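Read on for two forms of one protein chain; each stands alone as structure tokens, with the labels structure 1 and structure 2.
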Structure 1
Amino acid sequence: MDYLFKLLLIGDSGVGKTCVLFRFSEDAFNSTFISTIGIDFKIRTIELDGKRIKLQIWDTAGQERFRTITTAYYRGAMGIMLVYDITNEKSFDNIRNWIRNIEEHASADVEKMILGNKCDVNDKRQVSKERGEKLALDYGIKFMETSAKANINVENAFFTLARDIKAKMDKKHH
């Protein structure tokens, strides 16, 4: 590895944070060959500008011990994926509360991206792509609609976030 990026997945329970992680890291969706129970992080190494970037992606937003989130939770975090479910408007409304939680407790500056997950389920869509784009735009954050199930824009999301982290990091130094 040339770079090591600590990414966090945050968002309401049931939006598909764990499925996004295991789709990206294992190319699996609710498979029997994996256990997604009590997995705090997954590692995937990608290539940007010919360099090996090791992504340590954390999925700890759901579990009890971090239902009260403190400054300690976001320590070392270089990227955050804010995940909502396009079929659940309540999960989308709570993205503002998750952003406030980052703005208040994150000590260091961090690259952020909003994922509208479950974009394969169009018939149940409660949040238009336009409303997701307008929210992300209001906060100066990047936006994608993903599907952990259909494998839509999962690689694209993590490669785009990693690119934005690397670009910031490379500019600081040269």
Structure 2
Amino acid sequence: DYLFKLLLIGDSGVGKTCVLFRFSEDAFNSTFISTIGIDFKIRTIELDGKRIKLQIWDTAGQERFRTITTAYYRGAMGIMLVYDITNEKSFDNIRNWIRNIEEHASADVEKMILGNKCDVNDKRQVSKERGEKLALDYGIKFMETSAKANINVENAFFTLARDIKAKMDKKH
């Protein structure tokens, strides 16, 4: 059945690993252990009766693997651009990521922005409408997710996968 590669991209500690863990194993680890070695996961979804194998590449947020993370753009097909709603600096840094993808990844790559840590509204620094407006500016999808609270985690991955399926099916 169909195989889609997926990139989780963002600053260190936005919750990329936790987002993949909630998608893969429907669980949450309150601990923060930074990703060093880029590791992929296969998560099988069903879109309109078709099984699609999502090869999800969980990249390291640390600056010393920027050059290493970028190398994984080849054949990526889809990229989750994750920032932390409680961290404007991470949100400011997704502009840099989106720009890097436009220049270095293929034109037909599908992009979505996730406002992660959406459950923690108390420490919110980034308004939902500021993420929506940025997504609108670049003409890409956006939704607020919580890996901890399991909000829009499946929805985000099904939304992105559909946009990849739609472009792929239209080639015929």
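Reference numbering: structure 1, starting with residue 1. Here, rigid core means the biggest group of C-alpha atoms that superpose within 1.5 Å across both forms.
Practice task
Tell me, with the core superposed, which single residue in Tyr139, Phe29, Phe143, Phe66 has its C-alpha moved by at least 2 Å between the two structures.
Solution key: Result of the comparison: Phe66.
Practice task
Compare the position of the CA of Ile39 between the two structures after a rigid core fit and state whether the shift reaches 2 Å.
Solution key: The answer is yes, as the C-alpha of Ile39 shifts between the two structures by 2 Å or more after core alignment.
Handout entry: Rigid core superposed, the C-alpha shift at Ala108 between the two structures in Å
Key = That residue's C-alpha is offset by 5.1 Å.
Exercise for the section: For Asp49, give the CA shift between the two structures in Å, the superposition being done on the rigid core. Expected result: For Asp49, the C-alpha ends up 1.8 Å from its position in the other form.
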